[PDB]
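Please see the structure below; I have some questions.
Letters A, B, C, D, E and F mark the chains in the order given here, with residues in each chain numbered from 1 onward.
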């Protein structure tokens, strides 16, 4: 299935989503931003969802 | 260790730890409940009684330097004086016990 | 009118039924007439009783659920507060089995709910009624009475309720064995699960690393530092810009993989591990510690750590016997025990901990008084080196962070001057 | 409190000459640590008292 | 005359406490070391080792 | 016609909620507020207080 080995760069975060969840892209769009605060986070870091 | 008796609803008064306390114990549905008052001013109403966790929950209540109360096991008014007790801990040893809790 | 505001800033006030009953009687007297008959037999008296029961019941029901999202409460609501984080319930199963052994007569029926007992006297009930083949062997299904995780001792059973001409309920290893969950966490060890989770969550990386790697068995001491710059602050960690440096000391590390698992349990989601510039402690393995993939439905990662560089130090002592008798090997054993750190109050010669002849003399003084010590001097040298010259001894020896000292029995030499 | 709530490598930062007055010049020397190590870095400021 | 150079240790040891240690050893109130008597070999090892 | 600029902050609220609240304010559901009676000038500060 292959995985993204490096995720190069300290304090850089993302997430990976499969098709089985069938999660609507609306949730993905709204869960990126920090104005809602619905996601684990750590200092120094910027987080993506895909 | 506070004296108790086997009555479904009572109130004991005492002068311990350089403070004047009045406590109430009464059966409510399934569990017990307690009313605690100090210096004639009510502190809290209806704290549920459980084994091992202190009665006074909140910092503005239990102490700058006062004490607190713990039931060794769950309360049952048919058992008081036989196997179930209520103890009072002054500030130093109570804070030591909170340290030991975690 | 007889209503009370029993909900206040302090809490909820639960009255006694004499008071509410008097209030209800007053209400009905004001309703009908100040000279009414209110007894059990008369109908309006039954109305009084019904009203009082309803009022007291509703007040008590509200009072019980007054303060619930505090972690003291029980019975379901507390389960929701727990599972907001993590927590299971139910867990009330019974070890239903398969493939029993029954040797009985010919073409006969074993009636259901037969009682089966095993050596420590536990009661077990059969499940499905079955007939016997003429050969003399069939299989049954068992279940107990209590919903507990019972374990059956592998012995031939005994008969409690007896059928006709059918005997010898016997074991077999071919029987499918079901381990049942038995009401494991009722009310109080859920609180302890909360306590453990909060304590786990509280720590930082340094605290978590220290405690977790101290938790593995046979470990001795662990020194952890963080570079915090791309420079040398305590040790020359300039490999990466912001690593974490981990040194683990042990008396052999019987479990290599355990420390890797512990390190994995404490990872901060944004920091690397690689440390040192080929000058610090030699890691156990070069590229990776070959972990176990993930205990919780995960994939394979990597993690790195290193061990301190071993050393060994030579100590000299000159001593006068005085006015009593003291054994030399006893003194050497005392020094070695101090080195291991078995004396209370002193941690010992841990990773990155120097040694001075003053501390050895103090160990001797505590362990055996009544002795006069002339001179004690200390030295250190890399592991395996032959005995150094007399000039290599010094009052105190400074040691690097990734260095660890060792003392042996024959290493120490004494002189009864 | 400040050192006990961070975990990253070097999150400490003095802003610039356009910022609140630093409380201490180089650092804040948080002597003790759980690992007993002698680490010393804490940097923080105070606000500018305006008037409305 | 006794002099010592000590690290900060593990606990908040007041510098006034270490002084009373050697006075007892001179006065011989400790259990095991006789004290300061005729021909007592004043040593740094017998003293600074026994303060611990 | 009234236009309002607001930061959501950490608890966003419906625009329809704000419009309904202000509109049923205009008739004075709240205590002490008489509403948009004849010849009564409306001010943005009053709508700010209604929101407040």
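The rule is short, and it goes like this: a residue touches a chain if its C-beta (ideal position, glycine included) is under 8 Å from a C-beta of that chain, and two chains touch if they have at least 3 such contacts.
To keep track of the chains, here are their UniProt names: B = Cyanophage baseplate Pam3 plug gp18 domain-containing protein; C = Baseplate protein J-like barrel domain-containing protein.
Counted as hops between touching chains, the shortest connection from subunit C to subunit D is 1. Counting steps between touching chains, the shortest path from subunit B to subunit D takes 2.
Distance between Cα centroids is largest for the pairing of subunit E with F. Centroid to centroid, with C-alpha atoms defining each point, subunit A and subunit C lie 33 Å apart.
Note: centroid distance subunit D to subunit F, computed from Cα atoms, is 44 Å. Centroids built from CA atoms put subunit E at 41 Å from subunit D. Inter-chain centre distance (subunit A to subunit E, centres taken as mean C-alpha positions): 63 Å. Of all residues in subunit C, those touching 2 or more other chains are 241-242, 268, 270-271, listed in ascending order. Looking at subunit B, no residue sits in touch with two or more other chains.
Looking at subunit A, one finds that residues 10-11, 42-44 touch two or more other chains. Residues 323, 357-359, 361-366, 368-370, 372-376 of subunit C are the ones touching subunit E in the complex. Across the complex, subunit D meets subunit A through its residues 6-9, 11. Of all the residues in subunit E, the ones that touch subunit C in their complex are 30-34, 41, 43-46, 48-52.
For subunit C in complex with subunit B, the residues that touch the partner chain are 8, 10-14, 16, 60-61, 63-64, 66-67, 70, 72-74, 188, 191, 195, 198-199.
Subunit A meets subunit D in the complex at residues 10-11, 42-44.
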